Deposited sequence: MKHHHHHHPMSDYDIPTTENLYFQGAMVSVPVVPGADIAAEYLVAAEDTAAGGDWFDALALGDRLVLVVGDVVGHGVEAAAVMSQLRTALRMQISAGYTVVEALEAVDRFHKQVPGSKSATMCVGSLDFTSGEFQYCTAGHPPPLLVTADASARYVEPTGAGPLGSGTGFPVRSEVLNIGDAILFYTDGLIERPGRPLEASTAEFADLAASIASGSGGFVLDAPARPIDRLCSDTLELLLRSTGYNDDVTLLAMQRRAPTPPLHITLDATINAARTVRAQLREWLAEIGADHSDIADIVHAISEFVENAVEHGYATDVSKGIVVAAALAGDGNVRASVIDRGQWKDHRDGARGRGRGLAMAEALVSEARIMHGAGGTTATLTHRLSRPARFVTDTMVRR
């Protein structure tokens, strides 16, 4: 979810929790030379952090183009390497884009394989399940317009393992030398690791690191922890007056496990509750036993898809106005009401200590 091509929010997926927090060096401006991105592409999750030189009203403009450029290639299904190379060739047409740096990674949901490239960009922190932090190795890539190419490495992340993409603003803090400030970020991430766990890992790291020391560049932190997927939801109920109350309760449990934001929860629970109520009241089978089937699942593209199937009734404008997409189908002996809703959690935009 974007506002003006800018990511104001992070997606939600079965096999990873993602959080994002950022600060902008300037005053009264929504963006600088930094950006982050997280694209849920089905069989994988692609993470992006980037830094454009000299922020800078001019630096935002450059960032905006690069972001749109990288997103277009990634979402068209090119690999990390191919995408980065498309962008590097594109930079010629984007003045000020030379020496922009990026860190891009792709998580395979099945294997935990996380293929990443550090294009002249400080390397990701890995916080493991047993609260060991350590930096992943730099891939050997350099920034845009460096002719270094874009070589890529891999790390296997287990369930509970997290990884932290960040910009140099996080570790180049006022009155702090690089190797000390690097080692403090790592230790603190370790410390905090012994909401969702990735939220506080992301939130608390950044706010203690900057608590006293302040900041002087753009700062962007994009964290994701691998998790075991919540199984899909399935309920088979009697077409009774309490059916909706039953479904709502369980749908709430489920969406909490999934890790959805309250707005998405409110939307989706509203839609499905109304489908169930409509099924009950409208409502023409005199056999009410197991007359209602509800199913809901989160896919790796960040959409929840749900269906309410009943034994036929004598919801569109309602549901179409609440969730990304809704549909109703009728046949003899049945009605199916469906919804598809994209999940998002907002990024945290902070302004504290200069």
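Exercise for the section: Walk along the deposited sequence from position 1 and note every stretch that has no C-alpha coordinates. Expected result: Coordinates drop out over 1-20, 215-224, 345-356, 397-399.
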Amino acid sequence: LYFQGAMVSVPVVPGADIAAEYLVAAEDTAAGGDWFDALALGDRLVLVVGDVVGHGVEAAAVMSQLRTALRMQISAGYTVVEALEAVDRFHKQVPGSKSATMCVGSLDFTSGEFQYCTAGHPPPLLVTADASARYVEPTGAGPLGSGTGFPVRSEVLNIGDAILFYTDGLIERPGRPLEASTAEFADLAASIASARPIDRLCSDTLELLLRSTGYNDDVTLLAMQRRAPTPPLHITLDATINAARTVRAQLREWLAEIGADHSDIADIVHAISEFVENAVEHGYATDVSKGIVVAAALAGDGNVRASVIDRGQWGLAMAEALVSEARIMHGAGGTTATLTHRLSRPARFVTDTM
From here on, numbers count along this sequence of modelled residues.
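Practice task
Could you check which stretch, 315-323 or 290-298, carries the larger mean CA temperature factor in the entry?
Solution key: The recorded data point to 315-323.
Problem - Record-listed C-alpha B factor of residue 164: chain third - result: Its C-alpha B-factor, which the entry lists for residue 164, ranks in the lowest third among residues of this chain.
Exercise for the section: Check where residue 29 lands among this chain's C-alpha B-factors and tell me if it's the lowest, middle or highest third. Expected result: Highest third of the chain for residue 29's C-alpha B-factor.
Problem - Chain-relative CA temperature factor third for residue 282 - result: According to the entry, residue 282 has a C-alpha B-factor in the chain's highest third.
Exercise for the section: Check where residue 39 lands among this chain's C-alpha B-factors and tell me if it's the lowest, middle or highest third. Expected result: Bottom third by C-alpha B-factor.
Practice task
Tell me, lowest, middle or highest third: where does the Cα B factor of residue 78 rank within its chain?
Solution key: For residue 78, whose C-alpha B-factor we compare with every modelled residue in the chain, the answer is the highest third.
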